[PDB]
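Colleague: Please find protein22.csv (CSV, C-alpha atoms) on the next line:
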```csv
chain,number,residue,atom,x,y,z
G,202,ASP,CA,0.0,0.0,0.0
G,203,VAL,CA,3.0,2.3,0.5
G,204,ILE,CA,4.3,1.4,-3.1
G,205,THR,CA,0.9,1.7,-4.8
G,206,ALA,CA,0.2,5.1,-3.2
G,207,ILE,CA,3.7,6.3,-4.1
G,208,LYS,CA,3.4,6.0,-7.9
G,209,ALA,CA,-0.2,7.3,-7.6
G,210,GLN,CA,0.9,10.6,-6.1
G,211,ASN,CA,4.4,10.9,-7.6
G,212,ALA,CA,3.3,10.9,-11.3
G,213,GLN,CA,4.0,12.7,-14.5
G,214,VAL,CA,1.1,12.6,-16.9
G,215,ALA,CA,0.8,13.8,-20.6
G,216,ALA,CA,-2.5,15.5,-21.2
G,217,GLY,CA,-3.8,17.1,-24.4
G,218,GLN,CA,-3.9,20.7,-25.7
G,219,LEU,CA,-6.4,23.6,-25.8
G,220,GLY,CA,-7.1,24.0,-29.5
G,221,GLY,CA,-5.5,20.7,-30.6
G,222,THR,CA,-4.4,19.2,-33.9
G,223,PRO,CA,-7.8,19.0,-35.7
G,224,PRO,CA,-9.3,22.3,-34.7
G,225,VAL,CA,-12.5,24.3,-35.1
G,226,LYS,CA,-12.2,26.7,-38.0
G,227,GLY,CA,-11.8,30.0,-36.1
G,228,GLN,CA,-9.7,28.8,-33.1
G,229,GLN,CA,-7.5,31.7,-31.8
G,230,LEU,CA,-5.3,30.3,-29.0
G,231,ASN,CA,-3.2,27.2,-28.7
G,232,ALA,CA,-1.9,26.1,-25.3
G,233,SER,CA,-0.6,22.9,-23.7
G,234,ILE,CA,-2.3,21.4,-20.6
G,235,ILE,CA,-0.4,20.5,-17.4
G,236,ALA,CA,-2.2,18.1,-15.0
G,237,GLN,CA,0.1,16.3,-12.5
G,238,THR,CA,3.9,16.9,-12.1
G,239,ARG,CA,6.7,15.0,-10.5
G,240,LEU,CA,7.2,15.7,-6.8
G,241,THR,CA,10.5,17.5,-6.2
G,242,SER,CA,11.2,17.6,-2.4
G,243,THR,CA,11.1,15.6,0.9
G,244,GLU,CA,8.2,17.7,2.2
G,245,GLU,CA,6.0,16.9,-0.9
G,246,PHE,CA,6.7,13.2,-0.4
G,247,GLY,CA,5.7,13.6,3.3
G,248,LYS,CA,2.3,14.9,2.2
G,249,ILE,CA,1.5,11.7,0.1
G,250,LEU,CA,-1.9,10.6,1.4
G,251,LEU,CA,-2.6,6.9,1.9
T,152,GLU,CA,-5.3,13.3,-45.9
T,153,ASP,CA,-6.1,10.9,-48.7
T,154,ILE,CA,-2.8,11.6,-50.7
T,155,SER,CA,-0.4,11.6,-47.8
T,156,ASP,CA,-1.8,8.2,-46.8
T,157,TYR,CA,-1.3,6.8,-50.3
T,158,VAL,CA,2.2,8.2,-50.7
T,159,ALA,CA,3.1,6.3,-47.4
T,160,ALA,CA,1.1,3.1,-48.2
T,161,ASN,CA,2.7,2.8,-51.7
T,162,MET,CA,5.9,4.9,-52.0
T,163,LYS,CA,7.6,5.7,-48.6
T,164,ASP,CA,8.3,2.1,-47.6
T,165,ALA,CA,10.3,1.6,-50.8
T,166,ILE,CA,12.3,4.8,-50.2
T,167,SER,CA,13.3,4.6,-46.5
T,168,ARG,CA,14.6,1.0,-47.2
T,169,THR,CA,16.7,1.7,-50.3
T,170,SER,CA,19.9,3.5,-51.6
T,171,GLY,CA,21.6,5.1,-48.5
T,172,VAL,CA,18.7,7.1,-47.2
T,173,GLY,CA,19.3,8.6,-43.8
T,174,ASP,CA,15.6,9.3,-43.0
T,175,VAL,CA,12.6,10.1,-45.1
T,176,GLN,CA,10.5,12.9,-43.6
T,177,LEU,CA,7.2,12.5,-45.6
T,178,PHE,CA,4.8,15.4,-45.9
T,179,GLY,CA,1.6,14.3,-44.1
T,180,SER,CA,0.6,11.1,-42.5
T,181,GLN,CA,-0.8,7.6,-43.3
T,182,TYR,CA,-4.4,6.7,-42.3
T,183,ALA,CA,-5.5,5.7,-38.8
T,184,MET,CA,-8.9,4.4,-37.5
T,185,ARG,CA,-9.8,7.7,-35.7
T,186,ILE,CA,-12.4,7.4,-32.9
T,187,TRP,CA,-13.7,10.9,-32.2
T,188,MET,CA,-15.5,10.6,-28.8
T,189,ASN,CA,-18.4,12.8,-27.7
T,190,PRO,CA,-18.5,13.6,-23.9
T,191,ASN,CA,-22.3,14.1,-23.8
T,192,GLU,CA,-23.2,11.0,-25.8
T,193,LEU,CA,-20.7,9.5,-23.5
T,194,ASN,CA,-22.1,10.9,-20.2
T,195,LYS,CA,-25.6,9.7,-21.3
T,196,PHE,CA,-24.6,6.1,-21.1
T,197,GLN,CA,-22.5,6.4,-17.9
T,198,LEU,CA,-19.4,5.8,-20.0
T,199,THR,CA,-15.8,7.1,-20.0
T,200,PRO,CA,-13.0,7.5,-22.6
T,201,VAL,CA,-11.4,4.7,-20.5
Q,804,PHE,CA,-21.3,-18.5,-27.3
Q,805,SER,CA,-19.1,-19.7,-30.2
Q,806,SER,CA,-19.7,-20.6,-33.9
Q,807,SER,CA,-17.9,-23.4,-35.8
Q,808,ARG,CA,-17.1,-22.9,-39.5
Q,809,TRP,CA,-14.7,-24.5,-42.0
Q,810,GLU,CA,-12.9,-21.9,-44.2
Q,811,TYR,CA,-10.1,-21.7,-46.7
Q,812,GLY,CA,-6.8,-20.0,-45.6
Q,813,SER,CA,-3.1,-19.9,-46.5
Q,814,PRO,CA,-0.6,-22.0,-44.5
Q,815,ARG,CA,2.3,-20.0,-45.9
Q,816,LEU,CA,1.9,-16.3,-46.8
Q,817,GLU,CA,4.9,-14.6,-48.4
Q,818,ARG,CA,5.8,-11.0,-48.9
Q,819,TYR,CA,8.5,-9.3,-51.2
Q,820,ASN,CA,9.7,-5.9,-49.9
Q,821,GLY,CA,6.8,-5.0,-47.6
Q,822,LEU,CA,4.2,-6.0,-50.2
Q,823,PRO,CA,2.2,-9.3,-50.3
Q,824,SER,CA,4.0,-11.4,-53.0
Q,825,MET,CA,3.8,-15.0,-54.1
Q,826,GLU,CA,6.8,-16.7,-55.6
Q,827,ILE,CA,7.0,-18.8,-58.8
Q,828,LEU,CA,10.0,-21.0,-59.8
Q,829,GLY,CA,10.5,-22.0,-63.4
Q,830,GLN,CA,12.8,-23.1,-66.2
Q,831,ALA,CA,14.5,-22.0,-69.5
Q,832,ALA,CA,13.5,-24.6,-72.2
Q,833,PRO,CA,15.4,-27.5,-73.8
Q,834,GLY,CA,16.2,-25.0,-76.7
Q,835,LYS,CA,16.4,-21.4,-75.5
Q,836,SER,CA,17.8,-20.2,-72.1
Q,837,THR,CA,17.1,-17.3,-69.7
Q,838,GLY,CA,17.4,-14.4,-72.2
Q,839,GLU,CA,14.1,-15.5,-73.7
Q,840,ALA,CA,12.8,-17.8,-70.9
Q,841,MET,CA,12.7,-14.7,-68.7
Q,842,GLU,CA,11.6,-12.3,-71.5
Q,843,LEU,CA,8.4,-14.1,-72.4
Q,844,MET,CA,7.7,-14.4,-68.6
Q,845,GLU,CA,8.1,-10.6,-68.3
Q,846,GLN,CA,4.8,-9.8,-70.1
Q,847,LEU,CA,2.8,-12.9,-69.2
Q,848,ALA,CA,2.3,-10.9,-65.9
Q,849,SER,CA,2.0,-7.6,-67.9
Q,850,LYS,CA,-1.0,-9.1,-69.8
Q,851,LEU,CA,-3.2,-9.7,-66.7
Q,852,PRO,CA,-5.1,-7.9,-63.9
Q,853,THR,CA,-4.2,-4.4,-62.7
V,252,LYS,CA,-22.8,-2.1,-22.9
V,253,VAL,CA,-26.4,-3.4,-23.1
V,254,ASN,CA,-28.3,-1.8,-20.2
V,255,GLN,CA,-31.0,-3.5,-18.2
V,256,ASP,CA,-33.5,-2.8,-21.0
V,257,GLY,CA,-32.2,-4.5,-24.2
V,258,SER,CA,-31.0,-1.3,-25.9
V,259,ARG,CA,-27.5,-1.7,-27.4
V,260,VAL,CA,-24.7,0.9,-27.2
V,261,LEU,CA,-22.0,0.7,-29.8
V,262,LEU,CA,-19.1,3.1,-30.7
V,263,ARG,CA,-21.1,4.5,-33.7
V,264,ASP,CA,-23.4,6.1,-31.1
V,265,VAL,CA,-20.8,7.4,-28.5
V,266,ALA,CA,-18.2,8.5,-31.1
V,267,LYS,CA,-17.8,9.8,-34.6
V,268,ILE,CA,-15.7,7.3,-36.6
V,269,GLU,CA,-13.8,8.6,-39.7
V,270,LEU,CA,-10.9,6.9,-41.6
V,271,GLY,CA,-7.6,8.8,-41.9
V,272,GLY,CA,-4.9,11.1,-40.5
V,273,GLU,CA,-3.0,9.8,-37.5
V,274,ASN,CA,-1.9,13.4,-36.8
V,275,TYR,CA,-3.0,16.8,-38.0
V,276,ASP,CA,0.0,19.0,-37.6
V,277,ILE,CA,1.6,19.4,-41.1
V,278,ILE,CA,-0.1,20.1,-44.4
V,279,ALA,CA,1.5,21.0,-47.7
V,280,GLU,CA,0.5,23.4,-50.5
V,281,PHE,CA,2.1,23.0,-54.0
V,282,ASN,CA,1.4,26.4,-55.5
V,283,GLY,CA,-1.7,26.6,-53.2
V,284,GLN,CA,-2.9,23.3,-54.5
V,285,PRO,CA,-3.2,20.6,-51.8
V,286,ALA,CA,-0.4,18.0,-52.1
V,287,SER,CA,1.8,15.6,-50.2
V,288,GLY,CA,5.6,15.3,-50.8
V,289,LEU,CA,8.5,13.0,-50.1
V,290,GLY,CA,11.3,14.8,-48.4
V,291,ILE,CA,14.5,12.7,-48.5
V,292,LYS,CA,17.3,13.5,-46.1
V,293,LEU,CA,20.8,12.3,-46.9
V,294,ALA,CA,22.9,9.8,-44.8
V,295,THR,CA,26.4,10.5,-43.5
V,296,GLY,CA,29.1,10.1,-46.1
V,297,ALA,CA,26.8,8.5,-48.7
V,298,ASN,CA,27.0,8.9,-52.5
V,299,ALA,CA,24.9,11.9,-53.5
V,300,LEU,CA,24.1,12.0,-57.2
V,301,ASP,CA,24.0,8.2,-57.2
```
What does this structure look like when you write it as structure tokens?
Modeller:
Amino acid sequence: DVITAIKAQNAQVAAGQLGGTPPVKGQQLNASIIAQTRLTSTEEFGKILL
Amino acid sequence: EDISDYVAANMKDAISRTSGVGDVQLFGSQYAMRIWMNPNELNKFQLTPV
Amino acid sequence: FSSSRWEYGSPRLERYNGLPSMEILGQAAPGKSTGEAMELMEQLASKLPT
Amino acid sequence: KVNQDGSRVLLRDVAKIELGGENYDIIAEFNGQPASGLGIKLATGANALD
């Protein structure tokens, strides 16, 4: 349960984009979406809920 | 979309695997079975992209 | 939950250069050799389906 | 799925299904006319004109 919850919280995921590849004719802005990011410190690892 | 598929499904394979070609950057992409989901016709049946 | 059917299929599929291709092995003739044995064979395939 | 009713749900319903284009990033115009191309990049110490 320690292991399973570790990779569940300490994860880097690749999400899509606002105004993607096949767009709607008239799309103005194109931006990438960031969801989860890899935990960088000892404090952030301490806050991993089980 | 129709051309770039054909040029890959008839021509590109014979090039990339011939006389001393480093890499063939083709202009487009070959076909794929694209499944364009709808979140509302997806919410209606209690379904998920998963 | 299953259906049982007898159906024809190939036990040995072969492909030449990424394209599906069946091989045919032949001869020259007791008289002529290669130069004509290959030449007549060149357009026996040219005078059939696209 | 099938529901507790008998009504069948199949991809066609939930998602629009079209054939083609694995990615929609690069498109080419030959004099404005829609076209695909084959861009060959050289190896390292190859044979150029040959």
Colleague: One number please: CA of residue 185 in chain T to CA of residue 271 in chain V, in Å, one decimal.
Modeller: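 CA of residue 271 in chain V lies 6.7 Å from CA of residue 185 in chain T.
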Colleague: Out of T:163, T:192, T:197, T:152, which residue has the shortest atom-to-atom distance to residue 179 in chain T when counting only C-alpha atoms?
Modeller: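 Ranking T:163, T:192, T:197, T:152 by distance to residue 179 in chain T, first place goes to T:152.
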Colleague: So the first atom is CA of residue 216 in chain G and the second is CA of residue 201 in chain T; what is the distance between them in Å, to one decimal place?
Modeller: 14.0 Å
Colleague: Out of T:190, T:155, T:166, T:172, which residue has the shortest atom-to-atom distance to chain Q when counting only C-alpha atoms?
Modeller: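 Checking each of T:190, T:155, T:166, T:172 against chain Q, counting only C-alpha atoms, the winner is T:166.
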Colleague: Please provide as a PyMOL selection string all residues within 10 Å of residue 228 in chain G, with the sequence filter that same-chain residues fewer than 6 positions apart are discarded (counting all atoms listed in the file).
Modeller: chain G and resi 219-221
Colleague: With distances taken over only C-alpha atoms, which residue among G:222, G:242, G:231, G:237 lies nearest chain V?
Modeller: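 Among the listed residues, the smallest separation from chain V belongs to G:222.
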Colleague: Starting from the incomplete input, reconstruct N, CA and C atoms of range 215-245 of chain G and write that as a PDB file, keeping the file's coordinate frame.
Modeller:
```
ATOM      1  N   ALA G 215       0.872  12.981 -19.321  1.00  0.00           N
ATOM      2  CA  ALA G 215       0.800  13.800 -20.600  1.00  0.00           C
ATOM      3  C   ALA G 215      -0.639  13.964 -21.009  1.00  0.00           C
ATOM      4  N   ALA G 216      -1.154  15.168 -20.767  1.00  0.00           N
ATOM      5  CA  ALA G 216      -2.500  15.500 -21.200  1.00  0.00           C
ATOM      6  C   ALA G 216      -2.462  16.274 -22.540  1.00  0.00           C
ATOM      7  N   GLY G 217      -3.680  16.464 -23.111  1.00  0.00           N
ATOM      8  CA  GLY G 217      -3.800  17.100 -24.400  1.00  0.00           C
ATOM      9  C   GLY G 217      -3.588  18.602 -24.435  1.00  0.00           C
ATOM     10  N   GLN G 218      -4.105  19.270 -25.475  1.00  0.00           N
ATOM     11  CA  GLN G 218      -3.900  20.700 -25.700  1.00  0.00           C
ATOM     12  C   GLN G 218      -5.202  21.450 -25.916  1.00  0.00           C
ATOM     13  N   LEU G 219      -5.266  22.693 -25.444  1.00  0.00           N
ATOM     14  CA  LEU G 219      -6.400  23.600 -25.800  1.00  0.00           C
ATOM     15  C   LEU G 219      -6.216  24.090 -27.188  1.00  0.00           C
ATOM     16  N   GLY G 220      -7.181  23.729 -28.048  1.00  0.00           N
ATOM     17  CA  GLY G 220      -7.100  24.000 -29.500  1.00  0.00           C
ATOM     18  C   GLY G 220      -6.065  23.069 -30.112  1.00  0.00           C
ATOM     19  N   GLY G 221      -6.418  21.783 -30.173  1.00  0.00           N
ATOM     20  CA  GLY G 221      -5.500  20.700 -30.600  1.00  0.00           C
ATOM     21  C   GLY G 221      -5.190  20.650 -32.078  1.00  0.00           C
ATOM     22  N   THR G 222      -4.835  19.439 -32.532  1.00  0.00           N
ATOM     23  CA  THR G 222      -4.400  19.200 -33.900  1.00  0.00           C
ATOM     24  C   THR G 222      -5.570  19.411 -34.956  1.00  0.00           C
ATOM     25  N   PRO G 223      -6.661  18.587 -34.886  1.00  0.00           N
ATOM     26  CA  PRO G 223      -7.800  19.000 -35.700  1.00  0.00           C
ATOM     27  C   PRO G 223      -8.691  19.982 -35.032  1.00  0.00           C
ATOM     28  N   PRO G 224      -8.624  21.254 -35.470  1.00  0.00           N
ATOM     29  CA  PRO G 224      -9.300  22.300 -34.700  1.00  0.00           C
ATOM     30  C   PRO G 224     -10.670  22.680 -35.269  1.00  0.00           C
ATOM     31  N   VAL G 225     -11.293  23.681 -34.634  1.00  0.00           N
ATOM     32  CA  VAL G 225     -12.500  24.300 -35.100  1.00  0.00           C
ATOM     33  C   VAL G 225     -12.163  25.554 -35.861  1.00  0.00           C
ATOM     34  N   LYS G 226     -12.551  25.620 -37.154  1.00  0.00           N
ATOM     35  CA  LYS G 226     -12.200  26.700 -38.000  1.00  0.00           C
ATOM     36  C   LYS G 226     -12.569  28.087 -37.390  1.00  0.00           C
ATOM     37  N   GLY G 227     -11.559  28.765 -36.844  1.00  0.00           N
ATOM     38  CA  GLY G 227     -11.800  30.000 -36.100  1.00  0.00           C
ATOM     39  C   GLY G 227     -11.175  29.978 -34.710  1.00  0.00           C
ATOM     40  N   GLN G 228     -10.387  28.941 -34.428  1.00  0.00           N
ATOM     41  CA  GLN G 228      -9.700  28.800 -33.100  1.00  0.00           C
ATOM     42  C   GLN G 228      -8.541  29.814 -33.084  1.00  0.00           C
ATOM     43  N   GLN G 229      -8.479  30.561 -31.984  1.00  0.00           N
ATOM     44  CA  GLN G 229      -7.500  31.700 -31.800  1.00  0.00           C
ATOM     45  C   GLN G 229      -6.259  31.268 -31.079  1.00  0.00           C
ATOM     46  N   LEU G 230      -6.437  30.668 -29.901  1.00  0.00           N
ATOM     47  CA  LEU G 230      -5.300  30.300 -29.000  1.00  0.00           C
ATOM     48  C   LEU G 230      -4.989  28.846 -28.979  1.00  0.00           C
ATOM     49  N   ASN G 231      -3.698  28.545 -28.848  1.00  0.00           N
ATOM     50  CA  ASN G 231      -3.200  27.200 -28.700  1.00  0.00           C
ATOM     51  C   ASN G 231      -2.256  27.045 -27.536  1.00  0.00           C
ATOM     52  N   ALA G 232      -2.671  26.272 -26.533  1.00  0.00           N
ATOM     53  CA  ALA G 232      -1.900  26.100 -25.300  1.00  0.00           C
ATOM     54  C   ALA G 232      -1.875  24.659 -24.818  1.00  0.00           C
ATOM     55  N   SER G 233      -0.746  24.255 -24.235  1.00  0.00           N
ATOM     56  CA  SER G 233      -0.600  22.900 -23.700  1.00  0.00           C
ATOM     57  C   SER G 233      -1.137  22.830 -22.254  1.00  0.00           C
ATOM     58  N   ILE G 234      -1.666  21.660 -21.903  1.00  0.00           N
ATOM     59  CA  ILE G 234      -2.300  21.400 -20.600  1.00  0.00           C
ATOM     60  C   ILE G 234      -1.379  20.624 -19.672  1.00  0.00           C
ATOM     61  N   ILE G 235      -1.177  21.143 -18.459  1.00  0.00           N
ATOM     62  CA  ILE G 235      -0.400  20.500 -17.400  1.00  0.00           C
ATOM     63  C   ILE G 235      -1.323  19.985 -16.310  1.00  0.00           C
ATOM     64  N   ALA G 236      -1.331  18.674 -16.071  1.00  0.00           N
ATOM     65  CA  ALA G 236      -2.200  18.100 -15.000  1.00  0.00           C
ATOM     66  C   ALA G 236      -1.329  17.834 -13.753  1.00  0.00           C
ATOM     67  N   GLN G 237      -0.744  16.624 -13.655  1.00  0.00           N
ATOM     68  CA  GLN G 237       0.100  16.300 -12.500  1.00  0.00           C
ATOM     69  C   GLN G 237       1.602  16.492 -12.938  1.00  0.00           C
ATOM     70  N   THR G 238       2.453  16.736 -11.915  1.00  0.00           N
ATOM     71  CA  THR G 238       3.900  16.900 -12.100  1.00  0.00           C
ATOM     72  C   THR G 238       4.681  16.162 -11.049  1.00  0.00           C
ATOM     73  N   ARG G 239       5.912  15.775 -11.376  1.00  0.00           N
ATOM     74  CA  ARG G 239       6.700  15.000 -10.500  1.00  0.00           C
ATOM     75  C   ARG G 239       7.136  15.738  -9.223  1.00  0.00           C
ATOM     76  N   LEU G 240       6.887  15.128  -8.064  1.00  0.00           N
ATOM     77  CA  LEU G 240       7.200  15.700  -6.800  1.00  0.00           C
ATOM     78  C   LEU G 240       8.712  15.906  -6.607  1.00  0.00           C
ATOM     79  N   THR G 241       9.121  17.085  -6.132  1.00  0.00           N
ATOM     80  CA  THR G 241      10.500  17.500  -6.200  1.00  0.00           C
ATOM     81  C   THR G 241      11.287  17.495  -4.831  1.00  0.00           C
ATOM     82  N   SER G 242      10.558  17.427  -3.709  1.00  0.00           N
ATOM     83  CA  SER G 242      11.200  17.600  -2.400  1.00  0.00           C
ATOM     84  C   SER G 242      10.712  16.557  -1.337  1.00  0.00           C
ATOM     85  N   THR G 243      11.445  16.511  -0.218  1.00  0.00           N
ATOM     86  CA  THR G 243      11.100  15.600   0.900  1.00  0.00           C
ATOM     87  C   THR G 243       9.806  15.971   1.609  1.00  0.00           C
ATOM     88  N   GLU G 244       9.452  17.256   1.576  1.00  0.00           N
ATOM     89  CA  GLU G 244       8.200  17.700   2.200  1.00  0.00           C
ATOM     90  C   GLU G 244       6.989  17.288   1.382  1.00  0.00           C
ATOM     91  N   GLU G 245       7.095  17.356   0.052  1.00  0.00           N
ATOM     92  CA  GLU G 245       6.000  16.900  -0.900  1.00  0.00           C
ATOM     93  C   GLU G 245       5.757  15.438  -0.791  1.00  0.00           C
TER      94      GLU G 245
END
```
